[PDB]
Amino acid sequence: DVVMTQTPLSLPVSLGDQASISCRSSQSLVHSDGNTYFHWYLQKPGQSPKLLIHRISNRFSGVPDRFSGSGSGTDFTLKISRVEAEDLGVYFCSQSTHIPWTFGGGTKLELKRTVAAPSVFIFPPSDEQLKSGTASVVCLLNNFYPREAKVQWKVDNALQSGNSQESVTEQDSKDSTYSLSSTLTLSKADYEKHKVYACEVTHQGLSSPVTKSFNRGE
């Protein structure tokens, strides 16, 4: 089947700047009717996809002339001039020259804003949860940009691997930041093996990493 490769997965752009999204197909998209059925869709947060551009360069009804599609054969580009907040969302390339019809993995067009350091918190497991036999330790990063942050769990003088789960919010509609939870889940037995729990956060906005810790049972 035809594999559609679009880059990047996430594309930061400042309002009023130009954005450029690239897509490659694994097979020529020129159809026997001589048309190239390569298309772009936009999916705004919480909405269905909408057709943006069809047959490389044709804007769909209501799509403004800031959107420009180009390319041929197997290599295509979408150029968005003078990006506005209404343009933010996930763009998908697609081919319908060949059955099965296929899609790229999407490009999130994200608002590029000034760097924001997270505010960091750590939460011990509740006495109530430990009575259930499990310990959830939560690290919270509030209101940061860009999305990339390194969260390292430390137990006593050493490091944790493969027992934590991150969850990240959508880019906030008002302040254009992310927030993140990192949850370390341990048996009560494994939790009571150590005295000091810490999460260390590294982020572009922090001149040095921030560590939040607690002593088990304080």
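In case it trips you up, residue 1 is the first one in the sequence shown, and so on.
Peer 1: Comparing 128-136 with 74-82, where is the mean C-alpha B-factor higher?
Peer 2: Here the higher of the two C-alpha B-factor means belongs to 128-136.
Peer 1: Out of 59-67 and 33-41, which one has CA B-factors that are higher on average in the deposited record?
Peer 2: The stretch with the larger mean CA B-factor is 59-67.
Peer 1: When you compare the CA B-factors of 22, 204, 10, 14 as listed in the entry, which one comes out on top?
Peer 2: The C-alpha B-factor peaks, among 22, 204, 10, 14, at 14.
Peer 1: Between 26, 182, 171, 160, let me know which has the highest C-alpha B-factor in the entry?
Peer 2: Across 26, 182, 171, 160, the entry lists the biggest C-alpha B-factor for 160.
Peer 1: Should residue 150 be placed in the lowest, middle or highest third of its chain by the C-alpha B factor in the entry?
Peer 2: It belongs to the middle third of the chain when residues are ordered by C-alpha B-factor.
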